[PDB]
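Visitor: Take a look at this one; I'll ask things after.
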Amino acid sequence: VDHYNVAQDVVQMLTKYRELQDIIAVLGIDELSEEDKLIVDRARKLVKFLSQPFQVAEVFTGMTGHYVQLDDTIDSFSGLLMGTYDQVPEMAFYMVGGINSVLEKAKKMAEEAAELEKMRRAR
Amino acid sequence: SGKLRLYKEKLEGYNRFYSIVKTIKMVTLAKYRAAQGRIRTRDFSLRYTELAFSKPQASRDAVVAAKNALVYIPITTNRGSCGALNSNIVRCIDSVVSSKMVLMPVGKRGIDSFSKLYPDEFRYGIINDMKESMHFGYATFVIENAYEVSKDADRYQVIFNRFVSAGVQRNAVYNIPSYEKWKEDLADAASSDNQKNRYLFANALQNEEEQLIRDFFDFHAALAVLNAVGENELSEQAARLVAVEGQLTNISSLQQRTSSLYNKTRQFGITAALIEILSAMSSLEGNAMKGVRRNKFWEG
Amino acid sequence: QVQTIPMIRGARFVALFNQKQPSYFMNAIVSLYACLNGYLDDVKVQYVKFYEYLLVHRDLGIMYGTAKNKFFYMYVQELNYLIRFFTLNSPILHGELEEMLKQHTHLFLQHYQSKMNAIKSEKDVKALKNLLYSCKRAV
Amino acid sequence: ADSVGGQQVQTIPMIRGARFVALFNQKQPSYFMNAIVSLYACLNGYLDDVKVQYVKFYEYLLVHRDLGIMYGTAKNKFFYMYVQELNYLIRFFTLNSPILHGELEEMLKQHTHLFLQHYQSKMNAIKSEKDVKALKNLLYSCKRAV
Ligand SMILES: O=c1ccn([C@@H]2O[C@H](COP(=O)(O)OP(=O)(O)OP(=O)(O)O)[C@@H](O)[C@H]2O)c(=O)[nH]1
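Residue numbers (the deposited numbering), protein chains in the order written: chain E1, 391 to 513; chain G1, 2 to 301; chain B1, 446 to 584; chain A1, 439 to 584.
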């Protein structure tokens, strides 16, 4: 039942995201209400989160592939829909597997940004 | 075949029509957004115009009481496909039909719609090319023509479209009474305790000369007309988007229907041609007759 | 959006037509009668399935000790053939039907919809969505 | 696709797409060096200041002529369009290589400058009944010459 509910919620959010994309393309981003902005952000994270690197492409892409368990995917998407991961950057979901990969990528991005800012302050 | 190619050509034409209408939608949205800037800069020019002309009044006494010409200046769009704005304006005018009604509409559609419906209550119309920005000169031209149409006119009612939001375009009215009636009301407000909100305004006007008062009257009438035309243009652009979206949906439905017919027709044509060929082959086979076999039947 | 009486009842009827399993005759006809007589006007469209589930399976009147009917209760499945005999509008089964429908509507609007309209927590929103999903699939 | 019934906006993608569509017009097959050099020149924006009508004439001058040598301004040591044996060097070493990239850019810049200075300037100043026809005939001939 949890799997079905999560899948239906994801489909509904994606459909609403298409509607909101059309709206903003007509009017603009700033015209969306507070709920619409949150929906757009969550839907963009979902779209970025549906991508995955395959182990077959390790030689070419050079990045390790991921094999995501069924329950792991359900839990990750359920948490994302509720809004627990509203602070993680959008790009942290791009080409990752599971939720732990998202956290690791977010931490690495934060560390890289901190190092770059620290280097900038020196010069 | 030909019918298959007929449907193919029809579908191609619908696709071309859809592309052109989509380009129209993009162009209209560009001006909608480009002239959306008015929304930030509106709702502040007409503040003392309210005091000059804003009056909560009945819709019957003001109409029946007058025995002189009642000028009406409906605002209408030059190009169609706007939506129901012109129809609603015409309905509002029709509800206010009177022997004293005089029309000086604005826009080609308004002229073409009020000339036939109201031939004896129509004098002439104003037309503006949507090339420049709606400026004060255009409003002055409208006001001067309205005065020359009927100088001894009880009032000058301007009917336009107010763009509340992207999807809401209501109908609004500006009433501009004659100089004499306005003077009488102004004096009553200045003297009597009634119209307490205009007391200071009326007394300030009275202290000044009469030429200044007349200039004030004309200036604020022009401002009201300018506001009306600007809001009508914005509503027209928005209103136009709804019509263009409706046309796009209709064209898409037609494309889907024609594609279904095209697929069905090609399948039927292939089946019919194959059946015809097989029927001819069967007819040829049937006419063939097996002759006597010249073989050693006994040798077996 | 002008919502007249026909529009409200039509929307509620369309909501009630959503089914997964076949419904017993008494339950379906009782729910249809309740919707037709305007007992679901105050009930939101998204809570119609929950309202119907409470009407059929649960019994608010018995739960809160405010029941007055003598025999007409939804848990008495034997009433199906009595309803089928005369009508739902017969003087025998009309008064008690109206009484129980009014009590159920009053209790629902007082207790369940009032709380459902005061849910903002994300966890509570998810719980409410799960409840609605379960109800829509079971009566 | 979104400007069929409206005035177009002359952005960089369009300013180069127009030239690319203009360059694809040809009657006879093109030698690899000529075609690749012309495509590279149009890709880096050397034809932004050249009118779409004169693209064929510009390409013809680039291939069958040498403006730098004509005006005694060429400084390249080996990279000239009349050296038809550079085709295999270009095939082995891409145009985006330090061996050929520098001289290629120098030649393209010099050719574009000389063209805009001498030829297109006179083209825009044509006002007569016979010069216009002569220019039209020249453009048509260059269309099917390269
Ligand atoms: O013969 C007259 C008398 C009065 N007025 C005009 O009537 C008005 C009476 O105006 P006020 O007398 O109330 O004000 P003020 O002294 O501040 O006048 P200004 O400097 O603002 O003008 C002034 O605007 C005056 O010019 C004439 O023009 N002619």
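Positions of the beta carbon are idealized from the N, C-alpha and C atoms, including for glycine.
Nearest by alpha-carbon distance to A447 (chain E1): which of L422 (chain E1), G455 (chain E1) and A500 (chain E1) is it?
Guide: The shortest C-alpha separation from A447 (chain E1) is found at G455 (chain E1).
Visitor: Which residue spans inside the region 192 to 244 of chain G1 form an unbroken alpha helix (DSSP H) run of at least 4?
Guide: Fully enclosed alpha helix (DSSP H) runs of 4 or longer: 200 to 208.
Visitor: Determine the direct distance from the alpha carbon of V430 (chain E1) to that of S423 (chain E1), and round the result to whole angstroms.
Guide: Answer to the nearest angstrom: the Cα atoms are 11 Å apart.
Visitor: Are the C-beta of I25 (chain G1) and some C-beta of chain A1 separated by less than 8 Å?
Guide: Chain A1, which has a Cβ nearer than 8 Å to the Cβ of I25 (chain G1), makes this yes.
Visitor: By DSSP, does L104 (chain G1) sit in helix, in strand, or in coil?
Guide: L104 (chain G1) falls in the strand class under three-state DSSP.
Visitor: What are the start and end residues of each continuous alpha helix (DSSP H) run of 4 or more residues lying completely inside the region 442 to 481 of chain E1, in chain order?
Guide: The qualifying runs are 448 to 451 and 460 to 472.
Visitor: Can you give me the C-alpha to C-alpha distance between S579 (chain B1) and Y394 (chain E1), rounded to a whole angstrom?
Guide: Straight-line Cα distance between these residues: approximately 11 Å.
Visitor: Tell me, please, which residues DSSP counts as bridged to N162 (chain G1).
Guide: Bridge partners of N162 (chain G1): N172 (chain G1).
Visitor: Quickly, what does DSSP pair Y157 (chain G1) with across the bridge? List them, please.
Guide: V72 (chain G1) and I177 (chain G1), per the DSSP bridge assignment.
Visitor: Tell me whether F516 (chain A1) sits in a helix, a strand or coil according to DSSP, three-state version.
Guide: Here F516 (chain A1) sits in coil by DSSP.
Visitor: Would you list the one or two residues that DSSP bridges to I127 (chain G1)?
Guide: Beta-bridge pairing links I127 (chain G1) to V107 (chain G1).
Visitor: May I have the straight-line CA-CA distance separating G418 (chain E1) from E523 (chain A1), to the nearest angstrom?
Guide: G418 (chain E1) and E523 (chain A1): Cα-Cα distance of roughly 56 Å.
Visitor: Does the beta-carbon of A59 (chain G1) have 16 or more other beta-carbons within 10 angstroms, so that it is buried, or is it exposed?
Guide: Exposed, because fewer than 16 other Cβ atoms sit within 10 Å of the Cβ of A59 (chain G1).
Visitor: Going along chain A1 in order, which residues have a C-beta closer than 9 Å to the C-beta of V245 (chain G1)?
Guide: Neighbours of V245 (chain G1) on chain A1: none; closest Cβ ~13 Å, over 9 Å.
Visitor: Do you know offhand how far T405 (chain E1)'s Cα is from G231 (chain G1)'s?
Guide: Approximately 37 Å, taken between the alpha carbons.
Visitor: Can you tell me whether DSSP reads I252 (chain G1) as helix, strand or coil?
Guide: Here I252 (chain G1) sits in helix by DSSP.
Visitor: I think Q170 (chain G1) touches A239 (chain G1), with their Cβ atoms under 8 Å apart; what is that distance to the nearest whole Å?
Guide: That belief holds up - the Cβ atoms of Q170 (chain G1) and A239 (chain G1) are roughly 6 Å apart, short of 8 Å.
Visitor: Residues with a Cβ closer than 6 Å to any heavy atom of ligand 1, in chain order?
Guide: Cβ-based neighbours of ligand 1 within the cut-off: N208 (chain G1), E209 (chain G1) and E210 (chain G1).
Visitor: Under the assumption that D392 (chain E1) contacts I489 (chain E1) (Cβ atoms under 8 Å), give the Cβ distance between them as a whole number of angstroms.
Guide: Actually they do not touch by this definition, with Cβ atoms about 15 Å apart.
Visitor: Looking at the structure shown, is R267 (chain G1) part of a helix, part of a strand, or coil, going by DSSP?
Guide: Helix at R267 (chain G1).
Visitor: Excluding the five sequence neighbours on either side, which residues of its own chain have a C-beta within less than 8 Å of the C-beta of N146 (chain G1), listed in chain order?
Guide: Excluding sequence neighbours, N146 (chain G1) sits near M105, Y125 and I127.
Visitor: When the cut-off is 8 Å and only beta carbons count, does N562 (chain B1) lie next to chain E1?
Guide: No, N562 (chain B1) lies away from the interface with chain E1 (no Cβ there is under 8 Å from its Cβ).
Visitor: Decide if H549 (chain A1) is buried, meaning its Cβ has at least 16 other Cβ atoms within 10 Å, or exposed.
Guide: So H549 (chain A1) ends up on the buried side.
Visitor: Using CA atoms only, rank isn't needed, just tell me which of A504 (chain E1), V458 (chain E1) and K508 (chain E1) is closest to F439 (chain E1).
Guide: Among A504 (chain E1), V458 (chain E1) and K508 (chain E1), the Cα nearest to that of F439 (chain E1) belongs to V458 (chain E1).
Visitor: According to the Cβ coordinates, are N514 (chain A1) and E543 (chain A1) closer than 8 Å?
Guide: No, they are not a contact pair.
Visitor: Output yes if chain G1 places a C-beta closer than 8 Å to the C-beta of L417 (chain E1); else output no.
Guide: Chain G1, which has a Cβ nearer than 8 Å to the Cβ of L417 (chain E1), makes this yes.
Visitor: Does the CB of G473 (chain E1) have a neighbour CB from chain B1 at under 8 Å?
Guide: Cβ-Cβ to chain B1 under 8 Å: yes for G473 (chain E1).
Visitor: Anyone know if the C-beta pair for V159 (chain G1) and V226 (chain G1) falls short of 8 Å?
Guide: Contact flag set, yes.
Visitor: If you measure between the beta carbons of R454 (chain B1) and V490 (chain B1), is that distance less than 8 Å?
Guide: Taking 8 Å as the Cβ cut-off, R454 (chain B1) and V490 (chain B1) do not qualify as a contacting pair.
Visitor: Which of helix, strand or coil does DSSP assign to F439 (chain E1)?
Guide: Correct three-state label for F439 (chain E1): helix.
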